[PDB]
Amino acid sequence: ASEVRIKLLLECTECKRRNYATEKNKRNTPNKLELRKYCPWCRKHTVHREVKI
Amino acid sequence: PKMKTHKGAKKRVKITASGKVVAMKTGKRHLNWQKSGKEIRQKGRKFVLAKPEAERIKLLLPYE
RNA sequence: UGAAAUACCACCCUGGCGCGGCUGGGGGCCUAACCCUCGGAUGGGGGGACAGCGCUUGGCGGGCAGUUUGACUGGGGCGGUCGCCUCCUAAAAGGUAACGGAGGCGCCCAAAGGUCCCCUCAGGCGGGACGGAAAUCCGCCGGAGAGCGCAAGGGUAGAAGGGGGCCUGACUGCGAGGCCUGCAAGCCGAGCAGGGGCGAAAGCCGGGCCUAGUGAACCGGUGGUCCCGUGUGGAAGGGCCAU
RNA sequence: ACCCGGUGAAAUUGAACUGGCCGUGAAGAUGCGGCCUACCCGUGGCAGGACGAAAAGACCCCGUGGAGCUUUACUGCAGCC
RNA sequence: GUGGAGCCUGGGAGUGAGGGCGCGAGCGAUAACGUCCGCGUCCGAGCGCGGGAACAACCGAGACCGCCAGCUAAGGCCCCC
RNA sequence: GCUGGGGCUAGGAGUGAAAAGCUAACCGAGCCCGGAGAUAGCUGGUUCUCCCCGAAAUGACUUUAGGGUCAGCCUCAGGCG
RNA sequence: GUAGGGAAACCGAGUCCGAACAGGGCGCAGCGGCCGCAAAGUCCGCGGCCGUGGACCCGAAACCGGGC
RNA sequence: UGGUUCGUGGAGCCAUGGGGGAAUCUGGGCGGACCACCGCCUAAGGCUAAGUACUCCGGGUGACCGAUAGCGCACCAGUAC
RNA sequence: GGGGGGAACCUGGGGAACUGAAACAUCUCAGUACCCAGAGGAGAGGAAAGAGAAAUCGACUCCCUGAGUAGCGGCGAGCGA
Ligand SMILES: [Mg+2]
Ligand SMILES: [Mg+2]
Ligand SMILES: [Mg+2]
Ligand SMILES: [Mg+2]
Ligand SMILES: [Mg+2]
Ligand SMILES: [Mg+2]
Ligand SMILES: [Mg+2]
Ligand SMILES: [Mg+2]
Ligand SMILES: [Mg+2]
Ligand SMILES: [Mg+2]
Ligand SMILES: [Mg+2]
Ligand SMILES: [Mg+2]
Ligand SMILES: [Mg+2]
Ligand SMILES: [Mg+2]
Ligand SMILES: [Mg+2]
Ligand SMILES: [Mg+2]
Ligand SMILES: [Mg+2]
Ligand SMILES: [Mg+2]
Ligand SMILES: [Mg+2]
Ligand SMILES: [Mg+2]
Ligand SMILES: [Mg+2]
Ligand SMILES: [Mg+2]
Ligand SMILES: [Mg+2]
Ligand SMILES: [Mg+2]
Ligand SMILES: [Mg+2]
Ligand SMILES: [Mg+2]
Ligand SMILES: [Mg+2]
Ligand SMILES: [Mg+2]
Ligand SMILES: [Mg+2]
Ligand SMILES: [Mg+2]
Ligand SMILES: [Mg+2]
Ligand SMILES: [Mg+2]
Ligand SMILES: [Mg+2]
Ligand SMILES: [Mg+2]
Ligand SMILES: [Mg+2]
Ligand SMILES: [Mg+2]
Ligand SMILES: [Mg+2]
Ligand SMILES: [Mg+2]
Ligand SMILES: [Mg+2]
Ligand SMILES: [Mg+2]
Ligand SMILES: [Mg+2]
Ligand SMILES: [Mg+2]
Ligand SMILES: [Mg+2]
Ligand SMILES: [Mg+2]
Ligand SMILES: [Mg+2]
Ligand SMILES: [Mg+2]
Ligand SMILES: [Mg+2]
Ligand SMILES: [Mg+2]
Ligand SMILES: [Mg+2]
Ligand SMILES: [Mg+2]
Ligand SMILES: [Mg+2]
Ligand SMILES: [Mg+2]
Ligand SMILES: [Mg+2]
Ligand SMILES: [Mg+2]
Ligand SMILES: [Mg+2]
Ligand SMILES: [Mg+2]
Ligand SMILES: [Mg+2]
Ligand SMILES: [Mg+2]
Ligand SMILES: [Mg+2]
Ligand SMILES: [Mg+2]
Ligand SMILES: [Mg+2]
Ligand SMILES: [Mg+2]
Ligand SMILES: [Mg+2]
Ligand SMILES: [Mg+2]
Ligand SMILES: [Mg+2]
Ligand SMILES: [Mg+2]
Ligand SMILES: [Mg+2]
Ligand SMILES: [Mg+2]
Ligand SMILES: [Mg+2]
Ligand SMILES: [Mg+2]
Ligand SMILES: [Mg+2]
Ligand SMILES: [Mg+2]
Ligand SMILES: [Mg+2]
Ligand SMILES: [Mg+2]
Ligand SMILES: [Mg+2]
Ligand SMILES: [Mg+2]
Ligand SMILES: [Mg+2]
Ligand SMILES: [Mg+2]
Ligand SMILES: [Mg+2]
Ligand SMILES: [Mg+2]
Ligand SMILES: [Mg+2]
Ligand SMILES: [Mg+2]
Ligand SMILES: [Mg+2]
Ligand SMILES: [Mg+2]
Ligand SMILES: [Mg+2]
Ligand SMILES: [Mg+2]
Ligand SMILES: [Mg+2]
Ligand SMILES: [Mg+2]
Ligand SMILES: [Mg+2]
Ligand SMILES: [Mg+2]
Ligand SMILES: [Mg+2]
Ligand SMILES: [Mg+2]
Ligand SMILES: [Mg+2]
Ligand SMILES: [Mg+2]
Ligand SMILES: [Mg+2]
Ligand SMILES: [Mg+2]
Ligand SMILES: [Mg+2]
Ligand SMILES: [Mg+2]
Ligand SMILES: [Mg+2]
Ligand SMILES: [Mg+2]
Ligand SMILES: [Mg+2]
Ligand SMILES: [Mg+2]
Ligand SMILES: [Mg+2]
Ligand SMILES: [Mg+2]
Ligand SMILES: [Mg+2]
Ligand SMILES: [Mg+2]
Ligand SMILES: [Mg+2]
Ligand SMILES: [Mg+2]
Ligand SMILES: [Mg+2]
Ligand SMILES: [Mg+2]
Ligand SMILES: [Mg+2]
Ligand SMILES: [Mg+2]
Ligand SMILES: [Mg+2]
Ligand SMILES: [Mg+2]
Ligand SMILES: [Mg+2]
Ligand SMILES: [Mg+2]
Ligand SMILES: [Mg+2]
Ligand SMILES: [Mg+2]
Ligand SMILES: [Mg+2]
Ligand SMILES: [Mg+2]
Ligand SMILES: [Mg+2]
Ligand SMILES: [Mg+2]
Ligand SMILES: [Mg+2]
Ligand SMILES: [Mg+2]
Ligand SMILES: [Mg+2]
Ligand SMILES: [Mg+2]
Ligand SMILES: [Mg+2]
Ligand SMILES: [Mg+2]
Ligand SMILES: [Mg+2]
Ligand SMILES: [Mg+2]
Ligand SMILES: [Mg+2]
Ligand SMILES: [Mg+2]
Ligand SMILES: [Mg+2]
Ligand SMILES: [Mg+2]
Ligand SMILES: [Mg+2]
Ligand SMILES: [Mg+2]
Ligand SMILES: [Mg+2]
Ligand SMILES: [Mg+2]
Ligand SMILES: [Mg+2]
Ligand SMILES: [Mg+2]
Ligand SMILES: [Mg+2]
Ligand SMILES: [Mg+2]
Ligand SMILES: [Mg+2]
Ligand SMILES: [Mg+2]
Ligand SMILES: [Mg+2]
Ligand SMILES: [Mg+2]
Ligand SMILES: [Mg+2]
Ligand SMILES: [Mg+2]
Ligand SMILES: [Mg+2]
Ligand SMILES: [Mg+2]
Ligand SMILES: [Mg+2]
Ligand SMILES: [Mg+2]
Ligand SMILES: [Mg+2]
Ligand SMILES: [Mg+2]
Ligand SMILES: [Mg+2]
Ligand SMILES: [Mg+2]
Ligand SMILES: [Mg+2]
Ligand SMILES: [Mg+2]
Ligand SMILES: [Mg+2]
Ligand SMILES: [Mg+2]
Ligand SMILES: [Mg+2]
Ligand SMILES: [Mg+2]
Ligand SMILES: [Mg+2]
Ligand SMILES: [Mg+2]
Ligand SMILES: [Mg+2]
Ligand SMILES: [Mg+2]
Ligand SMILES: [Mg+2]
Ligand SMILES: [Mg+2]
Ligand SMILES: [Mg+2]
Ligand SMILES: [Mg+2]
Ligand SMILES: [Mg+2]
Ligand SMILES: [Mg+2]
Ligand SMILES: [Mg+2]
Ligand SMILES: [Mg+2]
Ligand SMILES: [Mg+2]
Ligand SMILES: [Mg+2]
Ligand SMILES: [Mg+2]
Ligand SMILES: [Mg+2]
Ligand SMILES: [Mg+2]
Ligand SMILES: [Mg+2]
Ligand SMILES: [Mg+2]
Ligand SMILES: [Mg+2]
Ligand SMILES: [Mg+2]
Ligand SMILES: [Mg+2]
Ligand SMILES: [Mg+2]
Ligand SMILES: [Mg+2]
Ligand SMILES: [Mg+2]
Ligand SMILES: [Mg+2]
Ligand SMILES: [Mg+2]
Ligand SMILES: [Mg+2]
Ligand SMILES: [Mg+2]
Ligand SMILES: [Mg+2]
Ligand SMILES: [Mg+2]
Ligand SMILES: [Mg+2]
Ligand SMILES: [Mg+2]
Ligand SMILES: [Mg+2]
Ligand SMILES: [Mg+2]
Ligand SMILES: [Mg+2]
Ligand SMILES: [Mg+2]
Ligand SMILES: [Mg+2]
Ligand SMILES: [Mg+2]
Ligand SMILES: [Mg+2]
Ligand SMILES: [Mg+2]
Ligand SMILES: [Mg+2]
Ligand SMILES: [Mg+2]
Ligand SMILES: [Mg+2]
Ligand SMILES: [Mg+2]
Ligand SMILES: [Mg+2]
Ligand SMILES: [Mg+2]
Ligand SMILES: [Mg+2]
Ligand SMILES: [Mg+2]
Ligand SMILES: [Mg+2]
Ligand SMILES: [Mg+2]
Ligand SMILES: [Mg+2]
Ligand SMILES: [Mg+2]
Ligand SMILES: [Mg+2]
Ligand SMILES: [Mg+2]
Ligand SMILES: [Mg+2]
Ligand SMILES: [Mg+2]
Ligand SMILES: [Mg+2]
Ligand SMILES: [Mg+2]
Ligand SMILES: [Mg+2]
Ligand SMILES: [Mg+2]
Ligand SMILES: [Mg+2]
Ligand SMILES: [Mg+2]
Ligand SMILES: [Mg+2]
Ligand SMILES: [Mg+2]
Ligand SMILES: [Mg+2]
Ligand SMILES: [Mg+2]
Ligand SMILES: [Mg+2]
Ligand SMILES: [Mg+2]
Ligand SMILES: [Mg+2]
Ligand SMILES: [Mg+2]
Ligand SMILES: [Mg+2]
Ligand SMILES: [Mg+2]
Ligand SMILES: [Mg+2]
Ligand SMILES: [Mg+2]
Ligand SMILES: [Zn+2]
C-alpha cells in the first residue's frame with residue numbers, strides 16, 4: 001500500500017453493508033471496482049462496489 | 001492486607017470451569033485489509049493460554 | 001391584457017431616508033467611583049472611568065521547577081548497527097556465534113488473480129529490401145544454458161513460462177490433522193455447509209511458483225449490528241461484527 | 001639523634017617457628033618444587049622487598065544512581081503582554 | 001536394555017560472568033593463557049587421592065568409616081625415592 | 001587604610017573589587033530534627049548437627065546486557081510402568 | 001461450594017460462533033455387604049512458597065518539610 | 001476548581017472563587033448528560049447526650065525484658081559531656 | 001469574658017518529597033509528614049432539599065459485612081466506594 005495503491009472497501013450494492021476490504025492501484029484502475037462477491041446478509045452473490053475506507 | 005484483583009487481567013481473560021485461561025486471539029485489531037479471510041476468522045476466536053503464563057494470570061485473579 | 005391588471009384600504013415584502021426605542025464600535029468632553037496630592041481633609045487640586053485590583057482568554061517566557069537525553073560494543077566515546085528475506089560460514093537431520101563473507105525488503109499485480117483451451121524457450125549455423133551484433137521472416141540443429149515483476153536460493157517446459165475465452169474462489173460460515181515453537185506469534189491444510197466461476201466431464205478455485213513486502217496492546221475514528229441503557233420510555237454513551 | 005635516672009604514646013596487627021637462587025604457581029613466592037646458604041638473641045643505622053601503612057580509585061567504565069550548570073530538549077511555573 | 005532409567009501432574013529452587021583441553025570451522029597474522037560457534041571432555045562443584053619436580057581442568061582414578069593385609073592403574077625400579 | 005563596641009541581611013536564600021568565594025575548622029546549595037527503616041537491579045554479612053539427591057553459566061525476549069520472564073538443566077510429593 | 005457457556009440480552013447439562021438439526025471452542029457423567037467405607041467441598045491447626053508492608057540485616061550520595 | 005470510586009469521561013451529585021441572577025407550595029432541590037413520565041425530599045439559621053478515639057495519670061495482668069536486655073535513664077538522666 | 005499550658009487523641013485552615021510506576025511528566029507516595037488555628041475530656045457529625053428502586057428505608061456516630069465487589073486508572077503502577 002502507498003498513496004497510489006490504496007486500501008478500499010467493497011460494499012454490497014443491495015443491502016449496502018461493506019463485506020470485503022481489498023486494494024487497487026487507482027492510477028492503473030482509476031475506476032470504482034465492481035465485483036460480484038458473496039454477501040452474508042443477502043446470503044447470495046451481489047455486485048459489490050468500491051467504497052472509500 | 002487482602003490481595004487486590006488485577007483489572008488488566010480481569011478485562012482480558014477468563015478462568016474456565018476447569019481452570020484454564022482463555023483469551024481473545026491477537027492481531028486483528030487493525031491492518032486487516034490484506035489479511036486473508038482465514039486470518040480474520042480464526043483470529044475471531046478464543047485460545048487457551050500456555051500453562052506457564054496461565055498460572056501466573058490466575059494468581060492475579062484471586063477472587064474469581 | 002399578460003404568468004399576474006389597475007379606482008379603493010389592508011397586511012408584508014425590496015431597498016432607502018428621517019425621529020426614535022435598545023445596543024456595537026470610534027471621537028471629544030464632564031465628575032462622582034478608583035488613584036495621586038494639598039499645614040487646611042463631609043473640603044481643595046491633578047489624573048479619571050483610564051490605571052489599579054477580582055474572574056477568565058490566548059500569547060511570550062532557562063528568571064525558576066520537575067525531568068528526559070537507548071542499547072550492542074575486543075574499554076568508553078566517535079563511527080557502524082538494531083526488524084524482515086536469500087546464500088555461505090554450519091562440522092551431509094533440525095538448530096548453531098562473531099562489529100565473520102555477500103545481497104535484498106518496508107513493494108507490487110484488477111491481472112501479474114480463478115478456470116478452460118491451445119502454445120514452447122535461450123542460443124548457434126544458413127538464407128532474406130530498407131535492417132545493423134541484435135527489430136521482423138524461413139530452414140536446420142538445439143533438455144533447457146531462456147522465462148517465471150523485483151535479492152538470492154530452491155523449483156519448474158509432462159509448466160510455475162507465452163497467447164486466448166469466460167470470469168472474481170483476491171469467497172462466507174467453519175475446520176479433522178499437522179509444521180514450527182519459551183510465550184505470544186508465524187505456517188500448511190483436507191473435509192463439510194452456503195452462494196458461486198470455469199469445464200462435456202474427471203475436477204479445479206478460500207489470490208499470486210515459493211521463501212521478504214511488516215507492527216502486539218492501549219486510545220480513538222468510520223460502516224454495520226440493534227446486545228447494554230443507572231426508577232420507566234427514549235436519549236447520551238458503551239459492547240459486538242467490519243475496517 | 002646516642003647512654004643513664006623519671007613519665008610514657010601511635011597508626012598498624014589473620015596467625016607466624018617470616019633467608020638466596022632458578023623455576024612453578026591467578027601471569028612478580030619467606031610460605032610450592034629443586035638446589036643453595038643458615039648457631040641463639042639483641043643495639044645503632046639504610047630503605048630494596050613484605051605487590052609495605054594511610055584513604056571501600058578522584059582517572060576509566062558500569063548503575064534505566066545523584067547533584068551543579070546550559071539550551072532554539074520536553075513539560076510546567078513566576079513574571080510580562 | 002529394571003536404571004538415582006523414562007513419562008504425567010503439582011511444590012521448592014538455583015543458574016542465565018564460565019573456564020582449560022581434544023577435534024571441526026569462522027575471526028586474527030596456517031599470533032596470543034586471543035576471540036566466536038559446533039561435538040566431546042574434565043575443572044567448575046572432585047584446589048580429595050597416584051603420576052606429571054612443583055601446577056584447577058594432561059595421564060591414572062569417581063574418596064561411607066576403620067586395618068602396621070593383598071592385587072593393580074598411569075608412572076616407575078642407579079642414589080635422593 | 002586598619003580596628004573596638006552597637007546593629008541588619010541566610011539556605012535556591014544572603015553576601016560576594018567574582019575565587020561558585022564565604023554564610024561557626026569539609027558549601028556546585030549550611031545545620032538540626034522530622035518524612036525515615038527514603039531508595040540502592042550494587043558491595044558486604046548471614047550463626048547447631050547428621051543423612052539422600054544434585055545443578056547452571058544455554059536459548060528466546062527485554063532502555064536489556066554483572067538485573068529480569070519463560071524454556072533447559074536440580075530436587076521433593078502423587079501417579080503411570 | 002452446589003452450573004456452565006456468552007461482550008450481553010439470554011439460554012442452561014449445556015452454551016457461544018453460525019442460516020445449519022454442520023463443524024468447532026469452553027462445559028456436563030466412587031468402593032464394598034439400606035447400611036458402612038471412601039469422597040466434591042469447606043472449616044481449623046501445621047509447613048513450603050507467593051502478594052502487600054522496611055519484609056533477611058547493615059550502608060549511600062541525594063529529595064522534601066519545619067525550625068536553628 | 002475542589003470533594004466522591006469517578007484522572008473530562010455520556011459527568012450527574014455535594015462544595016464554591018468569577019459573571020449573570022429568580023420564585024414562596026400553581027414554590028423549589030434530587031433520583032448520573034438531556035427530555036417526558038413516575039416517585040423521593042424540603043436548601044440558603046442554630047443546638048443536641050450515648051455508642052467512637054487517645055493514654056500524661058492510677059490500677060490489674062503477661063508461654064513480656066532481666067542491667068550490652070527492658071524506656072534514652074532500675075543508680076541524683078534528659079544529667080555528665 | 002479572653003490571653004497561656006496539656007502525652008497522644010479531634011476538627012478546621014494550609015500542605016511536601018523521597019518512594020512506586022523497575023526511566024518519567026498525568027498518576028503514586030497522600031491530603032500522609034509537617035506548619036497553623038481551635039476544641040475538649042473527648043472532638044467530629046447529627047434529626048433529610050438523605051438514600052436509590054427495595055411498590056422501600058427512615059438523624060448521626062462506631063464495629064462486622066457487603067468487597068477488593070461496583071467502578072476509577074498514562075484502563076499502567078495502582079486507586080477503591
Ligand atoms: Mg486494564
Ligand atoms: Mg485482535
Ligand atoms: Mg495493535
Ligand atoms: Mg476492531
Ligand atoms: Mg476499533
Ligand atoms: Mg496477501
Ligand atoms: Mg480470503
Ligand atoms: Mg478479505
Ligand atoms: Mg466472522
Ligand atoms: Mg467474591
Ligand atoms: Mg465461582
Ligand atoms: Mg479630560
Ligand atoms: Mg476629581
Ligand atoms: Mg480635575
Ligand atoms: Mg486631563
Ligand atoms: Mg480598566
Ligand atoms: Mg473570559
Ligand atoms: Mg495564562
Ligand atoms: Mg523553555
Ligand atoms: Mg533546568
Ligand atoms: Mg522525582
Ligand atoms: Mg527517554
Ligand atoms: Mg530514553
Ligand atoms: Mg546500557
Ligand atoms: Mg553502553
Ligand atoms: Mg560488555
Ligand atoms: Mg567482541
Ligand atoms: Mg582489548
Ligand atoms: Mg575485552
Ligand atoms: Mg573499542
Ligand atoms: Mg554514536
Ligand atoms: Mg536486522
Ligand atoms: Mg548448513
Ligand atoms: Mg544449518
Ligand atoms: Mg544443516
Ligand atoms: Mg551436521
Ligand atoms: Mg524441529
Ligand atoms: Mg556492528
Ligand atoms: Mg541494507
Ligand atoms: Mg487478461
Ligand atoms: Mg500466474
Ligand atoms: Mg532463433
Ligand atoms: Mg541472419
Ligand atoms: Mg538481420
Ligand atoms: Mg540487406
Ligand atoms: Mg532460468
Ligand atoms: Mg532486483
Ligand atoms: Mg485467462
Ligand atoms: Mg457467466
Ligand atoms: Mg489447530
Ligand atoms: Mg505455538
Ligand atoms: Mg512471517
Ligand atoms: Mg504476516
Ligand atoms: Mg460447494
Ligand atoms: Mg457449487
Ligand atoms: Mg460448483
Ligand atoms: Mg456448464
Ligand atoms: Mg479448499
Ligand atoms: Mg507470481
Ligand atoms: Mg509475493
Ligand atoms: Mg498504556
Ligand atoms: Mg475503543
Ligand atoms: Mg453502536
Ligand atoms: Mg433509564
Ligand atoms: Mg434495548
Ligand atoms: Mg437517570
Ligand atoms: Mg413516548
Ligand atoms: Mg427497552
Ligand atoms: Mg429514538
Ligand atoms: Mg447505540
Ligand atoms: Mg450475535
Ligand atoms: Mg474485525
Ligand atoms: Mg650504658
Ligand atoms: Mg629513658
Ligand atoms: Mg608459629
Ligand atoms: Mg628463622
Ligand atoms: Mg609460568
Ligand atoms: Mg617467582
Ligand atoms: Mg624461603
Ligand atoms: Mg611448609
Ligand atoms: Mg605441594
Ligand atoms: Mg618449599
Ligand atoms: Mg622455597
Ligand atoms: Mg624445600
Ligand atoms: Mg643460595
Ligand atoms: Mg634493627
Ligand atoms: Mg625497606
Ligand atoms: Mg628513615
Ligand atoms: Mg617496598
Ligand atoms: Mg615478601
Ligand atoms: Mg611497595
Ligand atoms: Mg592495607
Ligand atoms: Mg591519607
Ligand atoms: Mg563505602
Ligand atoms: Mg571502590
Ligand atoms: Mg572507583
Ligand atoms: Mg575513595
Ligand atoms: Mg569524571
Ligand atoms: Mg575503564
Ligand atoms: Mg555515569
Ligand atoms: Mg536509560
Ligand atoms: Mg540498565
Ligand atoms: Mg537518572
Ligand atoms: Mg539533576
Ligand atoms: Mg538540588
Ligand atoms: Mg520587567
Ligand atoms: Mg522405577
Ligand atoms: Mg540421577
Ligand atoms: Mg518440578
Ligand atoms: Mg522450599
Ligand atoms: Mg519443597
Ligand atoms: Mg542467575
Ligand atoms: Mg531465576
Ligand atoms: Mg544475563
Ligand atoms: Mg552469558
Ligand atoms: Mg565471562
Ligand atoms: Mg560470553
Ligand atoms: Mg561459551
Ligand atoms: Mg559446558
Ligand atoms: Mg580447545
Ligand atoms: Mg591427537
Ligand atoms: Mg579447534
Ligand atoms: Mg588439527
Ligand atoms: Mg565457521
Ligand atoms: Mg579463552
Ligand atoms: Mg589457542
Ligand atoms: Mg584458535
Ligand atoms: Mg567446553
Ligand atoms: Mg561459581
Ligand atoms: Mg579429576
Ligand atoms: Mg564431575
Ligand atoms: Mg586442585
Ligand atoms: Mg578446594
Ligand atoms: Mg595432580
Ligand atoms: Mg603432583
Ligand atoms: Mg612429586
Ligand atoms: Mg596439576
Ligand atoms: Mg592452568
Ligand atoms: Mg585434581
Ligand atoms: Mg564413591
Ligand atoms: Mg604386586
Ligand atoms: Mg606401565
Ligand atoms: Mg625419575
Ligand atoms: Mg631404592
Ligand atoms: Mg568603624
Ligand atoms: Mg567595627
Ligand atoms: Mg557585635
Ligand atoms: Mg560590627
Ligand atoms: Mg542574613
Ligand atoms: Mg543586606
Ligand atoms: Mg533564617
Ligand atoms: Mg539550600
Ligand atoms: Mg533547607
Ligand atoms: Mg538553579
Ligand atoms: Mg570583598
Ligand atoms: Mg555548626
Ligand atoms: Mg567554613
Ligand atoms: Mg543540591
Ligand atoms: Mg535542594
Ligand atoms: Mg559551615
Ligand atoms: Mg522537628
Ligand atoms: Mg515514607
Ligand atoms: Mg538509609
Ligand atoms: Mg532512586
Ligand atoms: Mg551423587
Ligand atoms: Mg545465555
Ligand atoms: Mg518475549
Ligand atoms: Mg530490543
Ligand atoms: Mg538481544
Ligand atoms: Mg544491573
Ligand atoms: Mg525458571
Ligand atoms: Mg531431565
Ligand atoms: Mg535426574
Ligand atoms: Mg517420585
Ligand atoms: Mg459470564
Ligand atoms: Mg458443542
Ligand atoms: Mg478435609
Ligand atoms: Mg510460589
Ligand atoms: Mg526501609
Ligand atoms: Mg513498611
Ligand atoms: Mg523487614
Ligand atoms: Mg517476604
Ligand atoms: Mg550535602
Ligand atoms: Mg525530587
Ligand atoms: Mg531533584
Ligand atoms: Mg531541589
Ligand atoms: Mg526552612
Ligand atoms: Mg461548577
Ligand atoms: Mg477530582
Ligand atoms: Mg471532576
Ligand atoms: Mg471514561
Ligand atoms: Mg463527576
Ligand atoms: Mg438533573
Ligand atoms: Mg460562585
Ligand atoms: Mg452548583
Ligand atoms: Mg410542587
Ligand atoms: Mg416549580
Ligand atoms: Mg441543589
Ligand atoms: Mg434523589
Ligand atoms: Mg415532578
Ligand atoms: Mg430524596
Ligand atoms: Mg454542630
Ligand atoms: Mg445519656
Ligand atoms: Mg459529647
Ligand atoms: Mg460519645
Ligand atoms: Mg479507653
Ligand atoms: Mg500502666
Ligand atoms: Mg525473672
Ligand atoms: Mg550494666
Ligand atoms: Mg540500659
Ligand atoms: Mg551481669
Ligand atoms: Mg522512667
Ligand atoms: Mg553522672
Ligand atoms: Mg489565642
Ligand atoms: Mg485552652
Ligand atoms: Mg484538613
Ligand atoms: Mg483558618
Ligand atoms: Mg487542604
Ligand atoms: Mg490538616
Ligand atoms: Mg511545598
Ligand atoms: Mg513525585
Ligand atoms: Mg518511600
Ligand atoms: Mg512497587
Ligand atoms: Mg512504596
Ligand atoms: Mg521511579
Ligand atoms: Mg525503579
Ligand atoms: Mg531516575
Ligand atoms: Mg515521580
Ligand atoms: Mg492524594
Ligand atoms: Mg502524626
Ligand atoms: Mg490553645
Ligand atoms: Mg466517653
Ligand atoms: Mg459536639
Ligand atoms: Mg428540623
Ligand atoms: Mg459476595
Ligand atoms: Mg487517593
Ligand atoms: Mg468499608
Ligand atoms: Zn447484501
# chains A, B, ... in the order shown; residues from 1 in each chain; ligands from 1
>>> residues_near_ligand(ligand="ligand 173", cutoff="9 Å", atoms="only C-alpha atoms (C1' of nucleotides) and all ligand atoms", output="list in words")
residues 4 of chain E; 53, 54, 74 and 75 of chain F
>>> write_last_selection(atoms="C-alpha atoms (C1' of nucleotides)", output="PDB file, in the first residue's frame")
ATOM      1  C1'   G E   4      19.160 -42.345  41.470  1.00  0.00           C
TER       2        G E   4
ATOM      3  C1'   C F  53      19.944 -36.429  45.723  1.00  0.00           C
ATOM      4  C1'   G F  54      22.366 -32.531  42.990  1.00  0.00           C
ATOM      5  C1'   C F  74      18.309 -29.989  40.045  1.00  0.00           C
ATOM      6  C1'   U F  75      15.045 -31.684  43.917  1.00  0.00           C
TER       7        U F  75
END
>>> residues_near_ligand(ligand="ligand 24", cutoff="9 Å", atoms="only C-alpha atoms (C1' of nucleotides) and all ligand atoms", output="PyMOL selection string")
(chain C and resi 70-72) or (chain D and resi 62+64) or (chain F and resi 63-65)
>>> atom_distance(atom1="CA of residue 41 (chain B)", atom2="CA of residue 53 (chain A)")
20.4 Å
>>> atom_distance(atom1="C1' of residue 165 (chain C)", atom2="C1' of residue 201 (chain C)")
18.6 Å
>>> interface_residues(of="chain C", to="chain B", cutoff="9 Å", atoms="only C-alpha atoms (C1' of nucleotides)", output="ChimeraX atom specification")
/C:170-172,174,183-185,206,216,243
>>> atom_distance(atom1="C1' of residue 51 (chain C)", atom2="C1' of residue 78 (chain D)")
23.2 Å
>>> residues_near_ligand(ligand="ligand 126", cutoff="10 Å", atoms="only C-alpha atoms (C1' of nucleotides) and all ligand atoms", output="NGL selection string")
:E and (31-35)
>>> residues_near_ligand(ligand="ligand 122", cutoff="12 Å", atoms="only C-alpha atoms (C1' of nucleotides) and all ligand atoms", output="ChimeraX atom specification")
/C:91 /E:21-26,36-39
>>> interface_residues(of="chain B", to="chain I", cutoff="10 Å", atoms="only C-alpha atoms (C1' of nucleotides)", output="PyMOL selection string")
chain B and resi 1-8+11+62-63
>>> write_last_selection(atoms="N, CA, C and O atoms", output="compact mmCIF listing (two decimals), in the first residue's frame")
# COMPACT_ATOMS: atom_id res chain seq x y z
N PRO B 1 -2.38 -6.53 53.70
CA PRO B 1 -3.85 -6.63 53.59
C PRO B 1 -4.28 -7.60 52.49
O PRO B 1 -3.44 -8.32 51.96
N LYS B 2 -5.56 -7.66 52.17
CA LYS B 2 -6.00 -8.66 51.21
C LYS B 2 -5.52 -8.31 49.81
O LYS B 2 -5.37 -7.14 49.45
N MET B 3 -5.23 -9.35 49.03
CA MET B 3 -4.81 -9.16 47.65
C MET B 3 -5.89 -8.42 46.88
O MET B 3 -7.09 -8.58 47.12
N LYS B 4 -5.46 -7.59 45.95
CA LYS B 4 -6.38 -6.92 45.05
C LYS B 4 -6.42 -7.66 43.72
O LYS B 4 -5.41 -8.20 43.26
N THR B 5 -7.61 -7.69 43.12
CA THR B 5 -7.77 -8.25 41.79
C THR B 5 -7.04 -7.37 40.80
O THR B 5 -7.15 -6.15 40.85
N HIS B 6 -6.30 -7.98 39.90
CA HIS B 6 -5.72 -7.24 38.79
C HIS B 6 -6.81 -6.96 37.76
O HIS B 6 -7.53 -7.86 37.34
N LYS B 7 -6.95 -5.70 37.38
CA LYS B 7 -8.03 -5.35 36.47
C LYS B 7 -7.60 -5.39 35.01
O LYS B 7 -8.46 -5.47 34.13
N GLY B 8 -6.29 -5.36 34.74
CA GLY B 8 -5.83 -5.66 33.40
C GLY B 8 -6.15 -7.09 32.99
O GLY B 8 -6.66 -7.34 31.90
N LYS B 11 -10.10 -7.85 32.59
CA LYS B 11 -10.78 -7.36 31.40
C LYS B 11 -10.34 -8.07 30.13
O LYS B 11 -10.98 -7.89 29.08
N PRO B 62 -7.51 -13.59 42.25
CA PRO B 62 -7.61 -14.37 43.49
C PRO B 62 -9.03 -14.64 43.92
O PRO B 62 -9.25 -15.55 44.72
N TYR B 63 -10.00 -13.89 43.42
CA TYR B 63 -11.36 -14.00 43.92
C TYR B 63 -12.35 -14.43 42.84
O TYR B 63 -13.56 -14.34 43.06
>>> select_by_dssp(residues="chain A", states="strand (DSSP E or B)", output="PyMOL selection string")
chain A and resi 5-12+18-25+34-39+44-51
>>> residues_around(residues="residue 16 (chain I)", least_positions_apart="3", cutoff="9 Å", atoms="only C-alpha atoms (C1' of nucleotides)", output="VMD selection string")
(chain F and resid 35) or (chain G and resid 64 to 65) or (chain I and resid 33 to 34)
>>> interface_residues(of="chain A", to="chain G", cutoff="10 Å", atoms="only C-alpha atoms (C1' of nucleotides)", output="short mmCIF file (atom, residue, chain, number, x, y, z; two decimals) with N, CA and C atoms, in the first residue's frame")
data_model
loop_
_atom_site.label_atom_id
_atom_site.label_comp_id
_atom_site.auth_asym_id
_atom_site.auth_seq_id
_atom_site.Cartn_x
_atom_site.Cartn_y
_atom_site.Cartn_z
N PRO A 40 -23.07 -11.94 2.99
CA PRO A 40 -23.59 -12.86 4.02
C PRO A 40 -24.93 -12.47 4.60
N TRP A 41 -25.37 -11.22 4.41
CA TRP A 41 -26.70 -10.79 4.84
C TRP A 41 -27.75 -11.14 3.79
N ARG A 43 -27.12 -13.27 1.64
CA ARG A 43 -26.85 -14.70 1.54
C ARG A 43 -26.95 -15.19 0.09
#
>>> closest_residue(among="C:42, C:36, C:231, C:67", to="ligand 22", atoms="only C-alpha atoms (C1' of nucleotides) and all ligand atoms")
C:67
